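File shown: start_23.csv (CSV, C-alpha atoms and all ligand atoms).
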```csv
chain,number,residue,atom,x,y,z
A,4,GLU,CA,42.1,-66.7,138.5
A,5,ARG,CA,44.1,-66.9,135.3
A,6,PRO,CA,42.4,-69.8,133.5
A,7,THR,CA,43.9,-73.2,132.8
A,8,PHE,CA,45.5,-73.5,129.3
A,9,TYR,CA,46.1,-76.7,127.4
A,10,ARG,CA,48.2,-77.4,124.3
A,11,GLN,CA,47.3,-78.8,120.9
A,12,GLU,CA,49.3,-79.3,117.7
A,13,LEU,CA,47.4,-77.6,114.9
A,14,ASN,CA,48.5,-76.0,111.5
A,15,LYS,CA,51.7,-77.8,112.6
A,16,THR,CA,51.8,-75.1,115.3
A,17,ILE,CA,51.1,-75.1,119.1
A,18,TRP,CA,47.8,-73.7,120.2
A,19,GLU,CA,47.7,-73.0,123.9
A,20,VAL,CA,44.1,-72.0,124.8
A,21,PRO,CA,42.0,-71.8,127.9
A,22,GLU,CA,40.1,-75.1,128.7
A,23,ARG,CA,36.7,-73.4,128.0
A,24,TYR,CA,37.5,-73.7,124.2
A,25,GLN,CA,37.0,-77.3,123.1
A,26,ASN,CA,37.1,-79.2,119.8
A,27,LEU,CA,39.4,-76.9,117.9
A,28,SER,CA,39.6,-77.6,114.3
A,29,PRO,CA,41.4,-75.6,111.5
A,30,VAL,CA,39.3,-73.4,109.1
A,31,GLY,CA,42.4,-71.9,107.4
A,32,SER,CA,45.7,-70.1,107.7
A,33,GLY,CA,46.6,-66.7,106.1
A,34,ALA,CA,49.7,-64.5,106.6
A,35,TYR,CA,47.7,-62.9,108.9
A,36,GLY,CA,47.4,-65.9,111.4
A,37,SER,CA,45.6,-69.2,111.6
A,38,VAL,CA,42.0,-69.6,112.4
A,39,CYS,CA,40.4,-72.5,114.2
A,40,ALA,CA,36.7,-73.2,114.9
A,41,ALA,CA,36.0,-74.2,118.5
A,42,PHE,CA,33.1,-74.7,120.9
A,43,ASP,CA,33.0,-72.2,123.7
A,44,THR,CA,31.7,-74.2,126.6
A,45,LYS,CA,31.3,-71.1,128.6
A,46,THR,CA,28.9,-69.2,126.2
A,47,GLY,CA,27.5,-72.2,124.2
A,48,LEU,CA,28.7,-70.5,121.0
A,49,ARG,CA,30.7,-71.9,118.1
A,50,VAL,CA,33.6,-69.4,117.9
A,51,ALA,CA,36.5,-68.5,115.6
A,52,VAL,CA,39.9,-68.4,117.3
A,53,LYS,CA,42.7,-66.5,115.4
A,54,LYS,CA,46.2,-67.0,116.6
A,55,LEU,CA,48.5,-64.3,115.6
A,56,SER,CA,51.3,-65.0,114.3
A,57,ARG,CA,54.7,-63.5,115.0
A,58,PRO,CA,52.7,-60.6,116.3
A,59,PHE,CA,55.7,-58.4,117.3
A,60,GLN,CA,58.5,-59.4,114.8
A,61,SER,CA,58.6,-56.0,113.1
A,62,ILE,CA,57.1,-52.5,113.8
A,63,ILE,CA,54.7,-53.1,111.0
A,64,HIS,CA,53.4,-56.4,112.6
A,65,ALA,CA,53.3,-54.8,116.1
A,66,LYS,CA,51.3,-51.8,115.1
A,67,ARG,CA,49.0,-54.1,113.2
A,68,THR,CA,48.3,-56.4,116.1
A,69,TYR,CA,47.5,-53.4,118.2
A,70,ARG,CA,45.3,-52.0,115.5
A,71,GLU,CA,43.3,-55.2,115.0
A,72,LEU,CA,42.8,-55.7,118.8
A,73,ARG,CA,41.7,-52.0,119.1
A,74,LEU,CA,39.3,-52.3,116.2
A,75,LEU,CA,37.7,-55.5,117.6
A,76,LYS,CA,37.4,-54.2,121.2
A,77,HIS,CA,35.6,-51.1,119.8
A,78,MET,CA,32.9,-52.8,117.8
A,79,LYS,CA,29.6,-53.6,119.5
A,80,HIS,CA,26.9,-54.1,116.9
A,81,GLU,CA,24.9,-57.2,115.7
A,82,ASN,CA,26.1,-56.8,112.1
A,83,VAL,CA,29.9,-56.1,113.0
A,84,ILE,CA,32.2,-58.8,114.3
A,85,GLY,CA,33.5,-57.9,117.8
A,86,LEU,CA,35.7,-59.5,120.4
A,87,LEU,CA,34.2,-62.4,122.6
A,88,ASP,CA,37.6,-62.9,124.1
A,89,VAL,CA,41.3,-62.1,123.9
A,90,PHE,CA,44.1,-64.1,125.6
A,91,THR,CA,47.7,-65.0,125.9
A,92,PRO,CA,49.3,-67.9,127.6
A,93,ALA,CA,51.9,-65.4,129.0
A,94,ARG,CA,52.0,-64.3,132.6
A,95,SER,CA,54.0,-61.1,132.2
A,96,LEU,CA,54.7,-58.5,129.6
A,97,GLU,CA,58.2,-60.0,129.5
A,98,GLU,CA,56.8,-63.4,128.5
A,99,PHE,CA,54.1,-61.9,126.3
A,100,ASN,CA,54.5,-63.1,122.7
A,101,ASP,CA,51.2,-64.5,121.4
A,102,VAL,CA,47.7,-63.2,121.0
A,103,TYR,CA,44.6,-65.2,120.3
A,104,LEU,CA,41.4,-63.4,119.3
A,105,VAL,CA,38.0,-65.0,119.8
A,106,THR,CA,34.9,-64.0,117.8
A,107,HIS,CA,31.4,-65.4,117.1
A,108,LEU,CA,31.5,-67.8,114.2
A,109,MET,CA,28.4,-67.2,112.1
A,110,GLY,CA,29.0,-70.3,109.9
A,111,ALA,CA,30.0,-69.4,106.5
A,112,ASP,CA,31.0,-66.5,104.4
A,113,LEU,CA,28.7,-65.0,101.8
A,114,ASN,CA,30.9,-65.9,98.9
A,115,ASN,CA,30.6,-69.6,99.7
A,116,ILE,CA,26.8,-69.5,100.0
A,117,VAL,CA,25.8,-67.3,97.1
A,118,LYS,CA,28.3,-67.5,94.2
A,119,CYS,CA,27.1,-68.4,90.7
A,120,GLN,CA,23.6,-68.3,92.3
A,121,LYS,CA,21.0,-65.6,91.9
A,122,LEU,CA,19.0,-64.6,95.1
A,123,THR,CA,15.3,-63.8,95.6
A,124,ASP,CA,14.5,-60.1,96.0
A,125,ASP,CA,13.5,-60.5,99.6
A,126,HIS,CA,16.7,-62.3,100.4
A,127,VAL,CA,18.7,-59.5,98.8
A,128,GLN,CA,16.8,-56.8,100.9
A,129,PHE,CA,17.7,-58.6,104.1
A,130,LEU,CA,21.4,-59.1,103.4
A,131,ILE,CA,22.0,-55.6,102.1
A,132,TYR,CA,20.0,-54.1,104.9
A,133,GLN,CA,22.3,-55.8,107.4
A,134,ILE,CA,25.4,-54.7,105.5
A,135,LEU,CA,24.3,-51.1,105.5
A,136,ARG,CA,23.2,-51.3,109.1
A,137,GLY,CA,26.6,-52.5,110.2
A,138,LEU,CA,28.4,-50.1,107.9
A,139,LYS,CA,26.4,-47.1,109.3
A,140,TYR,CA,27.7,-48.1,112.7
A,141,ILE,CA,31.3,-48.6,111.5
A,142,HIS,CA,31.3,-45.3,109.6
A,143,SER,CA,29.9,-43.5,112.5
A,144,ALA,CA,33.1,-44.5,114.4
A,145,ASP,CA,35.1,-42.9,111.5
A,146,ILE,CA,36.3,-46.3,110.4
A,147,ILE,CA,36.5,-47.3,106.7
A,148,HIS,CA,36.3,-51.0,105.8
A,149,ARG,CA,38.2,-50.4,102.4
A,150,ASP,CA,38.0,-54.0,101.5
A,151,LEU,CA,34.4,-55.1,101.6
A,152,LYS,CA,33.7,-58.1,99.5
A,153,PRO,CA,31.5,-61.3,99.9
A,154,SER,CA,34.3,-63.2,101.5
A,155,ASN,CA,34.4,-61.0,104.6
A,156,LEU,CA,30.7,-61.1,105.3
A,157,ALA,CA,30.1,-63.9,107.8
A,158,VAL,CA,26.7,-65.4,107.3
A,159,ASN,CA,24.8,-67.9,109.3
A,160,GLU,CA,22.0,-70.3,108.3
A,161,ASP,CA,19.2,-67.7,108.8
A,162,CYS,CA,20.9,-65.3,106.4
A,163,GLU,CA,22.1,-63.1,109.4
A,164,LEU,CA,25.3,-61.3,108.8
A,165,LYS,CA,28.3,-59.8,110.5
A,166,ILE,CA,31.1,-57.8,108.7
A,167,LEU,CA,34.7,-58.9,109.1
A,168,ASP,CA,38.1,-57.3,108.4
A,169,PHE,CA,37.3,-53.6,108.5
A,170,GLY,CA,40.0,-51.0,109.1
A,171,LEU,CA,43.0,-53.3,108.3
A,172,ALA,CA,43.1,-53.0,104.6
A,173,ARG,CA,46.8,-53.8,103.7
A,174,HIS,CA,46.9,-55.9,100.5
A,175,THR,CA,50.1,-56.3,98.4
A,176,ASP,CA,50.4,-55.1,94.7
A,177,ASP,CA,50.2,-58.7,93.7
A,178,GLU,CA,47.1,-59.9,95.5
A,179,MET,CA,45.3,-57.1,93.5
A,180,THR,CA,46.6,-58.3,90.1
A,181,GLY,CA,44.7,-59.8,87.2
A,182,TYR,CA,41.4,-61.6,87.2
A,183,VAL,CA,40.8,-61.7,90.9
A,184,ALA,CA,37.9,-61.1,93.4
A,185,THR,CA,40.3,-59.3,95.6
A,186,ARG,CA,39.8,-56.2,93.3
A,187,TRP,CA,36.4,-56.6,91.7
A,188,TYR,CA,34.6,-54.8,94.5
A,189,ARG,CA,36.8,-51.8,95.0
A,190,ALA,CA,36.0,-48.3,94.2
A,191,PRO,CA,37.7,-46.8,91.2
A,192,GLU,CA,39.4,-44.0,93.3
A,193,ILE,CA,40.9,-46.5,95.6
A,194,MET,CA,41.9,-49.0,92.9
A,195,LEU,CA,43.7,-46.4,90.8
A,196,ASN,CA,44.6,-44.0,93.7
A,197,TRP,CA,42.8,-40.9,92.4
A,198,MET,CA,42.6,-39.1,95.7
A,199,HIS,CA,42.6,-39.5,99.5
A,200,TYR,CA,39.2,-41.2,99.8
A,201,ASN,CA,36.1,-41.1,102.0
A,202,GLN,CA,33.9,-43.8,103.6
A,203,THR,CA,31.8,-44.2,100.6
A,204,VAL,CA,34.5,-46.4,99.1
A,205,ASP,CA,32.5,-48.9,101.0
A,206,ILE,CA,29.1,-48.0,99.4
A,207,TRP,CA,30.7,-48.7,96.0
A,208,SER,CA,31.4,-52.3,97.2
A,209,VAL,CA,27.9,-52.7,98.6
A,210,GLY,CA,26.7,-51.7,95.2
A,211,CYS,CA,28.9,-54.4,93.5
A,212,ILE,CA,27.8,-57.0,96.1
A,213,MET,CA,24.2,-56.1,95.7
A,214,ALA,CA,24.2,-56.3,91.9
A,215,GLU,CA,25.9,-59.7,92.2
A,216,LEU,CA,23.2,-61.0,94.6
A,217,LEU,CA,20.5,-59.8,92.2
A,218,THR,CA,22.0,-61.2,89.0
A,219,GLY,CA,24.3,-64.1,90.2
A,220,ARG,CA,27.3,-62.6,88.2
A,221,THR,CA,30.2,-60.3,89.3
A,222,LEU,CA,29.3,-56.8,88.3
A,223,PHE,CA,32.9,-55.8,87.2
A,224,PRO,CA,35.0,-58.9,86.8
A,225,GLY,CA,38.0,-57.0,85.2
A,226,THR,CA,41.0,-59.0,84.1
A,227,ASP,CA,43.2,-56.2,85.5
A,228,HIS,CA,42.9,-52.6,86.9
A,229,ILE,CA,42.5,-51.0,83.5
A,230,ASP,CA,40.1,-53.5,82.1
A,231,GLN,CA,38.0,-53.2,85.3
A,232,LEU,CA,38.0,-49.4,85.0
A,233,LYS,CA,36.6,-49.8,81.5
A,234,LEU,CA,33.9,-52.1,82.7
A,235,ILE,CA,33.1,-49.5,85.3
A,236,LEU,CA,33.1,-46.5,83.0
A,237,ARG,CA,31.0,-48.3,80.5
A,238,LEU,CA,28.2,-48.6,83.1
A,239,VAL,CA,28.5,-45.4,84.9
A,240,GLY,CA,30.0,-43.1,82.3
A,241,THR,CA,33.4,-41.3,82.0
A,242,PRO,CA,34.0,-38.6,84.6
A,243,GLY,CA,32.9,-35.0,84.0
A,244,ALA,CA,34.8,-31.8,84.4
A,245,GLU,CA,33.6,-31.6,88.0
A,246,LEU,CA,35.0,-35.0,89.0
A,247,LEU,CA,38.1,-34.6,86.9
A,248,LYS,CA,39.0,-31.6,89.1
A,249,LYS,CA,38.8,-33.5,92.3
A,250,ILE,CA,41.1,-36.2,91.0
A,251,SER,CA,44.2,-34.8,92.9
A,252,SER,CA,46.5,-37.4,91.2
A,253,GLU,CA,47.7,-35.5,88.2
A,254,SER,CA,48.9,-38.7,86.6
A,255,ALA,CA,45.5,-40.5,86.8
A,256,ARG,CA,43.6,-37.4,85.6
A,257,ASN,CA,45.7,-37.2,82.5
A,258,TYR,CA,45.1,-40.9,81.8
A,259,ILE,CA,41.3,-40.8,82.3
A,260,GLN,CA,41.1,-37.7,80.2
A,261,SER,CA,42.5,-39.8,77.3
A,262,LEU,CA,39.4,-41.9,77.3
A,263,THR,CA,36.5,-41.6,74.8
A,264,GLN,CA,33.6,-40.1,76.7
A,265,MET,CA,30.7,-42.5,77.3
A,266,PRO,CA,27.4,-41.8,78.9
A,267,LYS,CA,25.9,-43.6,81.9
A,268,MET,CA,24.0,-46.6,80.8
A,269,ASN,CA,20.4,-47.3,81.8
A,270,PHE,CA,20.5,-49.5,84.9
A,271,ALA,CA,17.0,-50.9,84.2
A,272,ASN,CA,18.4,-52.3,81.0
A,273,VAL,CA,21.3,-53.9,82.7
A,274,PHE,CA,19.4,-55.2,85.8
A,275,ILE,CA,16.5,-56.5,83.6
A,276,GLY,CA,13.6,-57.6,85.6
A,277,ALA,CA,14.8,-56.4,89.0
A,278,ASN,CA,12.7,-54.5,91.6
A,279,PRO,CA,12.7,-50.8,90.4
A,280,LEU,CA,13.5,-49.8,94.0
A,281,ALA,CA,16.7,-52.1,93.9
A,282,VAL,CA,17.6,-50.5,90.5
A,283,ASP,CA,17.1,-47.0,91.9
A,284,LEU,CA,19.3,-47.7,95.0
A,285,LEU,CA,22.0,-49.3,92.8
A,286,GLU,CA,22.1,-46.0,90.8
A,287,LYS,CA,22.7,-44.1,94.0
A,288,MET,CA,25.5,-46.4,95.2
A,289,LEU,CA,27.3,-46.7,91.9
A,290,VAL,CA,28.0,-43.1,91.3
A,291,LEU,CA,31.6,-42.4,90.1
A,292,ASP,CA,31.9,-39.2,92.1
A,293,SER,CA,32.4,-40.4,95.7
A,294,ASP,CA,31.1,-37.0,97.0
A,295,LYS,CA,27.7,-37.9,95.5
A,296,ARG,CA,27.3,-41.5,96.5
A,297,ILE,CA,24.5,-42.4,99.0
A,298,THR,CA,25.8,-43.0,102.6
A,299,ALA,CA,24.8,-46.1,104.7
A,300,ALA,CA,22.5,-43.9,106.8
A,301,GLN,CA,20.7,-42.5,103.8
A,302,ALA,CA,20.5,-45.8,102.1
A,303,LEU,CA,18.8,-47.5,105.1
A,304,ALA,CA,16.1,-44.9,104.8
A,305,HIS,CA,15.5,-45.9,101.1
A,306,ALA,CA,12.1,-47.4,100.1
A,307,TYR,CA,13.8,-50.6,99.1
A,308,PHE,CA,14.3,-51.5,102.8
A,309,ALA,CA,10.7,-50.6,103.9
A,310,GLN,CA,10.2,-54.1,105.5
A,311,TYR,CA,13.4,-53.8,107.6
A,312,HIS,CA,14.0,-50.2,108.3
A,313,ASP,CA,13.5,-49.2,111.9
A,314,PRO,CA,15.1,-45.8,112.5
A,315,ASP,CA,15.1,-46.6,116.2
A,316,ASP,CA,17.1,-49.8,115.7
A,317,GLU,CA,20.0,-48.7,113.6
A,318,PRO,CA,22.6,-47.6,116.2
A,319,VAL,CA,25.8,-45.6,115.9
A,320,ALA,CA,29.2,-46.2,117.5
A,321,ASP,CA,30.9,-44.4,120.4
A,322,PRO,CA,33.7,-42.5,118.8
A,323,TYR,CA,37.0,-44.4,117.9
A,324,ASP,CA,40.3,-42.9,118.8
A,325,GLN,CA,42.7,-43.7,115.9
A,326,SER,CA,45.2,-41.0,117.0
A,327,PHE,CA,47.6,-43.9,117.4
A,328,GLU,CA,47.7,-44.3,113.5
A,329,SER,CA,49.9,-41.2,113.2
A,330,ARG,CA,52.2,-42.2,116.1
A,331,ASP,CA,55.6,-43.8,115.4
A,332,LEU,CA,56.5,-46.2,118.3
A,333,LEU,CA,59.1,-48.9,118.9
A,334,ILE,CA,58.3,-52.6,118.9
A,335,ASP,CA,58.2,-52.9,122.7
A,336,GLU,CA,55.9,-49.9,122.9
A,337,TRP,CA,53.3,-51.2,120.5
A,338,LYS,CA,53.6,-54.6,122.3
A,339,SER,CA,53.1,-53.0,125.7
A,340,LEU,CA,50.1,-51.1,124.5
A,341,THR,CA,48.7,-54.3,123.1
A,342,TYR,CA,49.3,-56.1,126.4
A,343,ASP,CA,47.4,-53.4,128.3
A,344,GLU,CA,44.5,-54.0,125.9
A,345,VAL,CA,44.6,-57.7,126.4
A,346,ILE,CA,44.6,-57.4,130.2
A,347,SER,CA,41.8,-54.7,130.5
A,348,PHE,CA,39.5,-56.7,128.2
A,349,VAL,CA,36.0,-57.1,129.7
A,350,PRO,CA,34.0,-59.8,128.2
A,351,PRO,CA,30.6,-58.7,126.7
A,352,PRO,CA,27.3,-59.4,128.5
B,1,LIG,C1,38.7,-65.0,114.5
B,1,LIG,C2,38.6,-63.6,113.9
B,1,LIG,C3,39.3,-62.6,114.5
B,1,LIG,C4,39.3,-61.3,114.0
B,1,LIG,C5,38.6,-61.0,112.8
B,1,LIG,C6,38.5,-59.6,112.1
B,1,LIG,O1,37.5,-59.4,111.3
B,1,LIG,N1,39.5,-58.7,112.3
B,1,LIG,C7,39.5,-57.4,111.7
B,1,LIG,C8,38.3,-56.6,112.0
B,1,LIG,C9,39.6,-56.2,112.6
B,1,LIG,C10,37.9,-62.1,112.2
B,1,LIG,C11,37.9,-63.4,112.7
B,1,LIG,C12,37.2,-64.3,111.9
B,1,LIG,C13,37.9,-65.0,111.0
B,1,LIG,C14,37.3,-65.9,110.1
B,1,LIG,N2,35.8,-66.0,110.3
B,1,LIG,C15,34.8,-66.8,109.6
B,1,LIG,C16,35.1,-67.8,108.3
B,1,LIG,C17,36.0,-68.9,108.7
B,1,LIG,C18,33.8,-68.3,107.8
B,1,LIG,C19,35.7,-66.9,107.1
B,1,LIG,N3,33.6,-66.5,110.1
B,1,LIG,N4,33.8,-65.6,111.0
B,1,LIG,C20,35.1,-65.3,111.2
B,1,LIG,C21,35.8,-64.4,112.0
```

As structure tokens - that is how I would like this structure written.
Ligand SMILES: Cc1ccc(C(=O)NC2CC2)cc1-c1ccn2c(C(C)(C)C)nnc2c1
Amino acid sequence: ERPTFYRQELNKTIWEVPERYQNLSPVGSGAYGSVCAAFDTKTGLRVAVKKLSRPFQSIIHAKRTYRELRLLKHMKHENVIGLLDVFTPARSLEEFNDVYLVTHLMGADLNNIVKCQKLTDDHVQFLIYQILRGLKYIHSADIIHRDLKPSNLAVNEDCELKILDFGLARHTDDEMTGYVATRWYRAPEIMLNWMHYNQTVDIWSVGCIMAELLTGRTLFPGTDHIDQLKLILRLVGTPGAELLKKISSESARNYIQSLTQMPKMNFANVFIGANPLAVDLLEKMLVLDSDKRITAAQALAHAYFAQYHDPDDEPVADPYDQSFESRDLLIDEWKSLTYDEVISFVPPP
């Protein structure tokens, strides 16, 4: 009872997918893999199907395919994308060469819904509640998103949200360059490599996202890493002695110490007219010192989310074994591990 596969030409590439998936149509390539929307006739869901992609052409590609599949199989939370299905047209490990991952398709991304557009306060509470609820879960598994931004927040018509692309974060020097949304939401310590960083890199990005939902404008649209740092330091202040010490990169501590000291601005004068509770929570997320930033779990308990908070309905993850991250294997070994993961996949209920 291996399903029946059929073949389509799409992206100018062959898709070979089980007959359960019908009406495939492109919703974009990437480098990465191609994504298609599809109707899953078995679940009644609209789904996103990602074909990787030369998955085992280098060690870097093989480890990455294994990582993504492992991450997706782990995640079981309403506000985190998980795996609905994984499949290969291949019948043996020897023939194994393509992986397709299937995922709920919420509908759009947040970026395409909200940008240039200011949201109502109740709409903001809901979206950020769900981002922190799914981040509490991800972080509890010891996973860092590292690249949270509106384009990887999948949102449906009812403003319900799942987080995409956690744990992968492997951008080139060039995708991060100049006046680009790829960098606007990243934590200063990660943008400028100040230190080996914690999970609160992600709470900095929620803060950037939240401020943009409230105001309709990017919070730190820097034209480059240094311009963006200056936008940052102008709002939150230059570091103190105490943070300067923790900046293990000697090079970066020397640069930042060159800067004219500036105090933290008043967030109620930047976020004029906003819910005081929204402003308070922004001041707790946008703290420069990552050791002092609010965590997803503490933030969910904040008064801003009184309507939505239910401490009994904010679950945590079973633990995630990333011991494989510090293992060097050969192509065929990553590939065989990936295959074991493809074949033991048990669909959700
Ligand atoms: C198919 C797929 C596979 C894995 C991951 C993924 O997140 N992998 C990393 C966590 C390990 C994301 C998607 C995916 C891709 C685009 N999507 C959209 C658009 C088309 C609206 C952007 N909405 N939902 C999605 C979901």

Neighbourhood of ligand LIG 1 (chain B) at 9 Å, counting all atoms listed in the file, reported as a ChimeraX atom specification: /A:30-31,37-40,50-54,70-75,78,83-86,103-113,115,148,154-159,165-171

Would you put the residues from that selection into a file with C-alpha atoms, as a PDB file, in the coordinates of the input?
```pdb
ATOM      1  CA  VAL A  30      39.300 -73.400 109.100  1.00  0.00           C
ATOM      2  CA  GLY A  31      42.400 -71.900 107.400  1.00  0.00           C
ATOM      3  CA  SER A  37      45.600 -69.200 111.600  1.00  0.00           C
ATOM      4  CA  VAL A  38      42.000 -69.600 112.400  1.00  0.00           C
ATOM      5  CA  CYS A  39      40.400 -72.500 114.200  1.00  0.00           C
ATOM      6  CA  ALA A  40      36.700 -73.200 114.900  1.00  0.00           C
ATOM      7  CA  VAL A  50      33.600 -69.400 117.900  1.00  0.00           C
ATOM      8  CA  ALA A  51      36.500 -68.500 115.600  1.00  0.00           C
ATOM      9  CA  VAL A  52      39.900 -68.400 117.300  1.00  0.00           C
ATOM     10  CA  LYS A  53      42.700 -66.500 115.400  1.00  0.00           C
ATOM     11  CA  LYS A  54      46.200 -67.000 116.600  1.00  0.00           C
ATOM     12  CA  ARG A  70      45.300 -52.000 115.500  1.00  0.00           C
ATOM     13  CA  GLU A  71      43.300 -55.200 115.000  1.00  0.00           C
ATOM     14  CA  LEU A  72      42.800 -55.700 118.800  1.00  0.00           C
ATOM     15  CA  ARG A  73      41.700 -52.000 119.100  1.00  0.00           C
ATOM     16  CA  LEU A  74      39.300 -52.300 116.200  1.00  0.00           C
ATOM     17  CA  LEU A  75      37.700 -55.500 117.600  1.00  0.00           C
ATOM     18  CA  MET A  78      32.900 -52.800 117.800  1.00  0.00           C
ATOM     19  CA  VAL A  83      29.900 -56.100 113.000  1.00  0.00           C
ATOM     20  CA  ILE A  84      32.200 -58.800 114.300  1.00  0.00           C
ATOM     21  CA  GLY A  85      33.500 -57.900 117.800  1.00  0.00           C
ATOM     22  CA  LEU A  86      35.700 -59.500 120.400  1.00  0.00           C
ATOM     23  CA  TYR A 103      44.600 -65.200 120.300  1.00  0.00           C
ATOM     24  CA  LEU A 104      41.400 -63.400 119.300  1.00  0.00           C
ATOM     25  CA  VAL A 105      38.000 -65.000 119.800  1.00  0.00           C
ATOM     26  CA  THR A 106      34.900 -64.000 117.800  1.00  0.00           C
ATOM     27  CA  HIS A 107      31.400 -65.400 117.100  1.00  0.00           C
ATOM     28  CA  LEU A 108      31.500 -67.800 114.200  1.00  0.00           C
ATOM     29  CA  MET A 109      28.400 -67.200 112.100  1.00  0.00           C
ATOM     30  CA  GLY A 110      29.000 -70.300 109.900  1.00  0.00           C
ATOM     31  CA  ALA A 111      30.000 -69.400 106.500  1.00  0.00           C
ATOM     32  CA  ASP A 112      31.000 -66.500 104.400  1.00  0.00           C
ATOM     33  CA  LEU A 113      28.700 -65.000 101.800  1.00  0.00           C
ATOM     34  CA  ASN A 115      30.600 -69.600  99.700  1.00  0.00           C
ATOM     35  CA  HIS A 148      36.300 -51.000 105.800  1.00  0.00           C
ATOM     36  CA  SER A 154      34.300 -63.200 101.500  1.00  0.00           C
ATOM     37  CA  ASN A 155      34.400 -61.000 104.600  1.00  0.00           C
ATOM     38  CA  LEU A 156      30.700 -61.100 105.300  1.00  0.00           C
ATOM     39  CA  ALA A 157      30.100 -63.900 107.800  1.00  0.00           C
ATOM     40  CA  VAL A 158      26.700 -65.400 107.300  1.00  0.00           C
ATOM     41  CA  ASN A 159      24.800 -67.900 109.300  1.00  0.00           C
ATOM     42  CA  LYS A 165      28.300 -59.800 110.500  1.00  0.00           C
ATOM     43  CA  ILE A 166      31.100 -57.800 108.700  1.00  0.00           C
ATOM     44  CA  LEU A 167      34.700 -58.900 109.100  1.00  0.00           C
ATOM     45  CA  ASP A 168      38.100 -57.300 108.400  1.00  0.00           C
ATOM     46  CA  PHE A 169      37.300 -53.600 108.500  1.00  0.00           C
ATOM     47  CA  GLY A 170      40.000 -51.000 109.100  1.00  0.00           C
ATOM     48  CA  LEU A 171      43.000 -53.300 108.300  1.00  0.00           C
TER      49      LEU A 171
END
```

Select from range 59-175 of chain A every residue with an atom at most 9 Å from any atom of range 194-217 of chain A, then for each give the shortest pair of atoms and their distance in Å to one decimal, using all atoms listed in the file, rows by chain and rising number, as JSON lines.
```
{"residue": "A:117", "atom": "CA", "partner": "A:216", "partner_atom": "CA", "distance": 7.3}
{"residue": "A:118", "atom": "CA", "partner": "A:216", "partner_atom": "CA", "distance": 8.3}
{"residue": "A:119", "atom": "CA", "partner": "A:215", "partner_atom": "CA", "distance": 8.9}
{"residue": "A:120", "atom": "CA", "partner": "A:216", "partner_atom": "CA", "distance": 7.7}
{"residue": "A:121", "atom": "CA", "partner": "A:216", "partner_atom": "CA", "distance": 5.8}
{"residue": "A:122", "atom": "CA", "partner": "A:216", "partner_atom": "CA", "distance": 5.6}
{"residue": "A:123", "atom": "CA", "partner": "A:217", "partner_atom": "CA", "distance": 7.4}
{"residue": "A:124", "atom": "CA", "partner": "A:217", "partner_atom": "CA", "distance": 7.1}
{"residue": "A:126", "atom": "CA", "partner": "A:216", "partner_atom": "CA", "distance": 8.8}
{"residue": "A:127", "atom": "CA", "partner": "A:216", "partner_atom": "CA", "distance": 6.3}
{"residue": "A:130", "atom": "CA", "partner": "A:213", "partner_atom": "CA", "distance": 8.7}
{"residue": "A:131", "atom": "CA", "partner": "A:213", "partner_atom": "CA", "distance": 6.8}
{"residue": "A:134", "atom": "CA", "partner": "A:209", "partner_atom": "CA", "distance": 7.6}
{"residue": "A:135", "atom": "CA", "partner": "A:209", "partner_atom": "CA", "distance": 7.9}
{"residue": "A:138", "atom": "CA", "partner": "A:205", "partner_atom": "CA", "distance": 8.1}
{"residue": "A:142", "atom": "CA", "partner": "A:202", "partner_atom": "CA", "distance": 6.7}
{"residue": "A:145", "atom": "CA", "partner": "A:202", "partner_atom": "CA", "distance": 8.0}
{"residue": "A:146", "atom": "CA", "partner": "A:202", "partner_atom": "CA", "distance": 7.6}
{"residue": "A:147", "atom": "CA", "partner": "A:202", "partner_atom": "CA", "distance": 5.3}
{"residue": "A:148", "atom": "CA", "partner": "A:205", "partner_atom": "CA", "distance": 6.5}
{"residue": "A:149", "atom": "CA", "partner": "A:205", "partner_atom": "CA", "distance": 6.1}
{"residue": "A:150", "atom": "CA", "partner": "A:205", "partner_atom": "CA", "distance": 7.5}
{"residue": "A:151", "atom": "CA", "partner": "A:208", "partner_atom": "CA", "distance": 6.0}
{"residue": "A:152", "atom": "CA", "partner": "A:208", "partner_atom": "CA", "distance": 6.6}
{"residue": "A:153", "atom": "CA", "partner": "A:212", "partner_atom": "CA", "distance": 6.8}
```

Option closest in space to residue 302 in chain A, from A:66, A:139, A:249, A:77 [counting all atoms listed in the file]: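 Going through A:66, A:139, A:249, A:77 one by one, the smallest distance to residue 302 in chain A is for A:139.
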
Atomic distance CA of residue 222 in chain A - CA of residue 309 in chain A, expressed in Å with one decimal: 25.1 Å

Residues near range 258-268 of chain A, cut-off 7 Å, only C-alpha atoms, skip fewer than 2 positions along chain, as number ranges by chain: A: 237-241, 254-256, 270

Coordinates-based distance that separates CA of residue 101 in chain A from CA of residue 5 in chain A (Å, one decimal): 15.8 Å

Exercise: residue 175 in chain A partners within 12 Å, all atoms listed in the file, chain neighbours under 5 positions left out, as a PyMOL selection string: chain A and resi 34+180+185-186

Closest of A:344, A:271, A:17, A:292 to residue 236 in chain A - atom-to-atom distances counting all atoms listed in the file: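 For residue 236 in chain A, the nearest of the candidates is A:292.
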